[PDB]
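In: missing the sequence, but the structure's below:
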Ligand SMILES: O=c1c(O)c(-c2cc(O)c(O)c(O)c2)oc2cc(O)cc(O)c12
Ligand SMILES: O=c1c(O)c(-c2cc(O)c(O)c(O)c2)oc2cc(O)cc(O)c12
Ligand SMILES: [Cl-]
Ligand SMILES: [Cl-]
Ligand SMILES: [Cl-]
Ligand SMILES: [Cl-]
Ligand SMILES: [Cl-]
Ligand SMILES: [Cl-]
Ligand SMILES: [Cl-]
Ligand SMILES: [Cl-]
């Protein structure tokens, strides 16, 4: 599984262990193998949310299954909570796009998961 | 909605107020309140379009609805026009991927829009 | 088509001609004219794969058609081989997400491919 967060928050404001904390919390939330969670944080971005350059975040979570109405609601509370706690981003300035991927459309280790 | 533009154009060539112009033009085009519009500009990128490193842009527009055949044609004229006018990117070196998102797959403010 | 690779590998470790080799190999693999191939390489990223910050890559290939079970398996072997040979990234630390785009959802040159 793969989680990307793009933010205008400066790199110095990303705390130590942020990638590690994301890895564990997403592995637990998705039930996917922790050793297989990919996380990508992109700070210092030129972005605006509602025309304002106050701290904001645009995110995506791609997973083969474990995507749905209730599960995405739980992911959003979890992820917004982390961005608020660690990056001081208000949850109403966070978008997270969820993608339920077909196994044939995720490549890894010279093949796909299909 | 969320609009991202990645370009090899240098940051200095992105004019001041470009994020706001994108926000206002997208709010009017999509009919969405500008408060709902997130914009992200990534300049100075290592990119090629058709093997050439002339100014180019790879973009994406995600929106819950307001995506379709005629609308995307209109968005593409609008967005290529802005990138041509403000970033001096030729429209034939611009790609824009459009995504009609399900409300259940867009996270915001600790929940989803579903 | 559009190919993006995000990696924590430093920019200095991206060899000359990497964008060109990706364009040529993707044109041949997808059967699309290289002229239609856009490539985007993002080095020096803050990323982890399984909690580890050893070299890894997160990639995406968007194409109008030429996406499917067998083709994506062939794409993944091809691309992982290139990232292993050129960027020294182990294939088991590479994710590639594949997207079959509808022509109506790809904007280019003030219109779409529909
Ligand atoms: O990321 C992975 C993944 O998602 C699961 C998976 C794939 C499917 O196609 C499913 O239907 C499913 O329930 C789980 O397999 C894996 C097996 C590995 O050894 C390593 C992985 O990283 C995955
Ligand atoms: O970005 C948003 C959005 O797209 C619309 C919306 C959602 C739907 O599910 C629709 O069907 C629709 O027509 C509009 O609601 C919102 C409400 C907010 O308070 C804030 C938002 O940012 C959105
Ligand atoms: Cl669910
Ligand atoms: Cl898919
Ligand atoms: Cl939206
Ligand atoms: Cl969706
Ligand atoms: Cl294409
Ligand atoms: Cl050379
Ligand atoms: Cl196929
Ligand atoms: Cl599509």
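Out: Structure's in. What do you need? Numbering: from 1, shown residues only, chains lettered A, B, ... in the order given. Ligands and ions are numbered 1, 2, ... in the order given.
In: Name the nearest residue to residue A:88, ignoring sequence neighbours.
Out: Once flanking residues are discounted, residue A:88 sits nearest to residue A:55: 6.1 Å by CB to CB, 6 or more residues apart in numbering or on different chains. Heads up, the C-betas are built off the backbone N, CA and C, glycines and all.
In: Kindly report the same for residue A:80.
Out: Nearest residue to residue A:80 in three dimensions, chain neighbours excluded: residue A:91, at 3.8 Å (CB to CB, 6+ apart).
In: swap in residue A:76?
Out: Nearest non-adjacent residue to residue A:76 (CB to CB, 6+ apart): residue B:107, at 3.4 Å.
In: Next, see if the longest helix that chain A contains gets close to ligand 3.
Out: Looking across chain A with DSSP state H, the single longest helix is helix A:69-87. Yes. Helix A:69-87 is in contact with ligand 3 by CB under 5 Å from the ion, via A:70-71.
In: What's the first helix or strand after that helix?
Out: Next along the chain after helix A:69-87, taking DSSP states H and E as the criterion, comes strand A:94-100.
In: Parallel or antiparallel, which strands does that next one pair with?
Out: strand A:57-63 (parallel), strand B:106-108 (antiparallel) (DSSP bridges).
In: Output those strands in TSV, with mean neighbour count and distance to ligand 3 appended to each entry.
Out: Formatted as TSV, these follow (neighbours: other CB atoms under 10 Å in any protein chain shown; distance: least, CB to the ion, whole Å):
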stretch	mean neighbour count	distance to ligand 3
strand A:57-63	23	12
strand B:106-108	22	13
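In: nearest to ligand 7, of the ones you listed?
Out: strand A:57-63 (20.3 Å; CB to the ion).
In: How far away from the center of its chain is the closest one?
Out: Centroid displacement of strand A:57-63 relative to its chain, using CA atoms, centre = their mean, to the nearest Å, is 4 Å.
In: quick one: is it near ligand 6?
Out: No. Strand A:57-63 stays clear of ligand 6 (CB under 5 Å from the ion), getting no nearer than 11.4 Å.
In: Identify all contacting residues around that strand.
Out: Counting by CB atoms under 8 Å, 6 or more residues apart in numbering or on different chains, strand A:57-63 makes contact with A:1-7, A:9, A:26, A:30, A:32, A:47, A:49, A:67, A:75, A:79, A:83, A:87, A:89, A:93-101, A:106, B:2, B:4, B:38, B:40, B:107, C:97, all of which sit outside it.
In: check whether that strand contacts ligand 2.
Out: No. On the criterion CB under 6 Å from any ligand atom, strand A:57-63 is out of touch with ligand 2, staying 12.1 Å away.
In: if we can go back for a sec, which parts of the longest helix of chain A are buried?
Out: For helix A:69-87, the neighbour count (16 or more other CB atoms under 10 Å in any protein chain shown) marks A:71-73, A:75-80, A:82-84, A:86-87 as buried.
In: my guess is residue A:48 meets residue B:21, correct?
Out: No. Residue A:48 is beyond contact range of residue B:21, at 10.7 Å (criterion: CB atoms under 8 Å).
In: Compare those two (neighbour count), which wins?
Out: residue A:48 (22 against 15; other CB atoms under 10 Å in any protein chain shown).
In: Identify the residues contacting the closest residue to ligand 7 within chain A.
Out: Of all residues in chain A, residue A:105 sits closest to ligand 7, at 15.4 Å by CB to the ion. Contacts for residue A:105 (CB under 8 Å, 6+ apart) come out as A:112, C:67, C:72, C:97-100.
In: Now tabulate these in a markdown table and tack on distance to ligand 4.
Out: Output for those, formatted as a markdown table (distance: CB to the ion, whole Å):
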| residue | distance to ligand 4 |
| --- | --- |
| A:112 | 11 |
| C:67 | 9 |
| C:72 | 10 |
| C:97 | 8 |
| C:98 | 7 |
| C:99 | 7 |
| C:100 | 8 |
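In: Quick check: of those, which lies closest to residue C:14?
Out: Closest to residue C:14 out of the contacts of residue A:105 is residue C:97 (21.0 Å), distances taken as CB to CB.
In: Looks like the closest one contacts residue A:103 (just checking).
Out: No. Residue C:97 sits out of contact with residue A:103 when judged by CB under 8 Å, with a separation of 11.6 Å.
In: between these two, which one's more packed in?
Out: Under the criterion of other CB under 10 Å, the comparison of residue C:97 against residue A:103 puts residue C:97 first, with 19 against 12.
In: Report the beta-bridge partner residues of that one.
Out: Using DSSP bridges, the beta-bridge partners of residue C:97 come out as residue A:106, residue C:60.
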